[PDB]
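> Take this sequence and fold it.
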Amino acid sequence: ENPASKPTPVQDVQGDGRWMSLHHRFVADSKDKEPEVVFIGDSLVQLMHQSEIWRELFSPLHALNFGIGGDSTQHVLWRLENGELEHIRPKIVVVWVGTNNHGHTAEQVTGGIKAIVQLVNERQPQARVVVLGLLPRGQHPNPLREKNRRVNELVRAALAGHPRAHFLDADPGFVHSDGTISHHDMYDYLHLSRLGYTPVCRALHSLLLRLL
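Residues are numbered from 1 along each chain as shown. The coordinates are given below.
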């Protein structure tokens with residue numbers, strides 16, 4: 001069926017086993033901690049923890065960050081089903097993944113995200129789910145901008161009538177009038193700089209504060 005919603009771990013074709021190492025760390029974190037909020041997704045989530053905005057806006061909320069660079073929807077789904085949602089009872093799970101699903105249509109990526117929300121609703125039914133919209137990327141207009149926008153429209157429409165799932169477009173307007181993204185916001189036109197993270201995290205923090 002939909003490869004975006006078929007749970008699968010990242011196969012190690014390099015040899016150092018770092019993906020499974022991260023997964024195991026997160027499992028241990030869930031086993032030993034009692035977060036009120038769990039963040040899971042790709043490098044947008046992962047690198048948020050590395051910024052000094054984390055220990056500022058998010059640490060006081062009692063949170064765990066399970067972001068892994070390069071993850072697609074199916075990888076996040078597999079992680080959630082294989083230990084990372086065990087031994088905890090968070091009030092909120094934040095999801096940010098989908099921009100890495102290369103080779104999957106926007107419809108498929110949307111199905112991947114919906115699979116993740118459904119899994120969380122099953123395993124942690126008391127939890128509210130926040131899904132962040134996929135960010136634009138590339139220095140100039142390109143097909144991935146359109147893909148990610150289309151995903152955001154389909155995802156938004158899917159969660160509209162789901163009153164415990166909240167769609168948050170955290171994009172302050174990275175794409176300028178001339179169709180460009182500034183390296184000041186995204187140093188490689190994909191990953192957020194400290195400056196690009198500010199308005200993103202500000203928007204997320206507000207929503208988390210409202211819901212909490």
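
> Just read off the phi/psi values of the nearest residue to residue 41 once chain neighbours are set aside.
Excluding the flanking residues, the one nearest residue 41 by C-beta to C-beta, 6 or more residues apart in numbering is residue 96, at 3.4 Å. Using the backbone N, CA and C atoms, a C-beta is placed for each residue, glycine as well. For residue 96, the backbone dihedrals are phi -150, psi 100 (criterion: degrees, to the nearest 10).

> so residue 96 makes contact with residue 135?
No: the criterion here is C-beta atoms under 8 Å, and residue 96 misses it with residue 135 at 9.1 Å.

> quick one: common contacting residues for these two?
Residues touching both residue 96 and residue 135 (C-beta atoms under 8 Å, 6 or more residues apart in numbering): residue 44.

> got a list of contacts for the strand or helix carrying residue 147?
Following DSSP states H and E, one finds residue 147 within helix 143-159. Helix 143-159 is contacted from outside by 98-99, 106-107, 109-110, 113-114, 117, 131, 133-138, 165-167, 169, 175, using C-beta under 8 Å, 6+ apart.

> same deal with stretch 78-91?
Residues contacting stretch 78-91 (C-beta under 8 Å, 6+ apart): 7-9, 23, 26-27, 30-31, 33-38, 40, 66, 68, 71, 116, 119-120, 123-124, 126-128, 211-212.

> could you measure the closest residue to residue 47 other than its chain neighbours against residue 54, distance?
Using C-beta to C-beta, 6+ apart and skipping residues adjacent in sequence, the residue nearest residue 47 is residue 191, 6.5 Å away. Separation of residue 191 from residue 54 (C-beta to C-beta, to the nearest Å): 15 Å.
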